[PDB]
């Protein structure tokens, strides 16, 4: 069973791996047949290869990632609020999404969706 402690630990590990640029660390949290929809509304990317490619590309820039509130976890799901800060096109940018994870029996993330829109993307020029 997915304990709240496990799902919370996985969310923390995810954020830590992103903040450190640990690609293998991020991918290791996902099932081999998992799906990533980032952002919500974009083409779903499934399978280890597609997931690795997505994060590999995201990590081409140093990302400062931090949780901004307590993790919500119940049943086999977790949701969390956080910020991702980086410099893009010579402008300080802070994105504030809410991510949602679904876990399987092995405690692996089988589906992740990052919900953020244009109004959650803050570029300070």
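Positions refer to the first chain, counted from 1.
* Quick one: higher average CA temperature factor, 24-32 or 86-94? -> So the stretch with the higher mean C-alpha B-factor is 86-94.
* If you average the CA temperature factors over each stretch, which comes out higher, 70-78 or 54-62? -> 54-62 has the higher mean C-alpha B-factor.
* Highest Cα B-factor in the PDB entry belongs to which of 11, 110, 115, 18? -> Within the set 11, 110, 115, 18, 18 shows the top C-alpha B-factor.
* Quick one: classify residue 123 as lowest, middle or highest third of the chain based on its Cα B-factor. => Tercile = highest for this residue's CA B-factor.
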